[PDB]
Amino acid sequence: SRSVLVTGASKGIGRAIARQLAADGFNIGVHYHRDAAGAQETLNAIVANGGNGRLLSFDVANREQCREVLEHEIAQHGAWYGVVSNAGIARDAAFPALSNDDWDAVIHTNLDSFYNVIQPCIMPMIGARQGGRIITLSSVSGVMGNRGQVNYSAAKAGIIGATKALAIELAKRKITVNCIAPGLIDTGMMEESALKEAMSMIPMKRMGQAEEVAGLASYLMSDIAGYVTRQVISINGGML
């Protein structure tokens, strides 16, 4: 039984990833920040479909809380086989109007979470000797940049760099490290004007669904994907 931590599994892409990986047979750490009810709904659906998992909670910007909860989880249940670092936020504004909090909240939550969430999981993953899987969530904005989102583009591009560097370090230990960069996905995470501009750049002329992102995570998590590492794979309807 291999366990997979999915951050932000209370809704959207994280929920869809949690459901799919549970169906694949992984035991899921259904993580949430504040939306306990949403996480329980995710878990209920996992269980009702014959899968297994459990709830856990932490703020990915809170380093100490991440370390404490994760060390406790690992002591009680053993090392994670997989870690899907999905939780993220956006705080959009034109660059010259971006507040201190807009910048810091996005960098601290989206980028520092790489260190806060993943670092406590690594030595135990290595210690278990089953190999492993690390999957991060970036964004097309991290690959190409996006107007009104200098902070988000920075954080999400930073995730890509972290992911690539860690891939090289862990390659000999049979742990793959990859990044999924979704384009525009239909979730709770913008104006009609902005949506139109986004659509015009999407050859498929539609948003992706959370379940489609989950299908890619399912592939990367599978045993047959063991030679895929250090990659950013974009699921974006042909945007780039």
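Numbers follow the displayed sequence, beginning with 1.
*Asks:* Unmodelled deposited residues between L55 and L56: none, 1 to 3, 4 to 9, or 10 or more?
*Replies:* Per the record, no deposited residues are absent between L55 and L56.
*Asks:* Mind pulling up the entry and telling me whether 176-184 or 199-207 has the higher mean Cα temperature factor?
*Replies:* According to the entry, 199-207 carries the higher average C-alpha B-factor.
*Asks:* Between 119-127 and 99-107, name whichever shows the higher mean Cα B factor according to the PDB entry.
*Replies:* Per the PDB record, 119-127.
*Asks:* Using the B-factor values recorded in the entry, state whether the Cα atom of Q76 falls in the lowest, middle or highest third among the modelled residues of its chain.
*Replies:* Highest third of the chain for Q76's C-alpha B-factor.
*Asks:* Pull the Cα B-factor of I13 out of the PDB entry and bin it into the chain's lowest, middle or highest third.
*Replies:* According to the entry, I13 has a C-alpha B-factor in the chain's middle third.
*Asks:* Among the modelled residues of its chain, does the C-alpha B-factor of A22 lie in the lowest, middle or highest third?
*Replies:* Answer is highest: the recorded C-alpha B-factor places it there.
*Asks:* Is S1 in the lowest, middle or highest third of its chain when residues are ranked by C-alpha B-factor?
*Replies:* It belongs to the highest third of the chain when residues are ordered by C-alpha B-factor.
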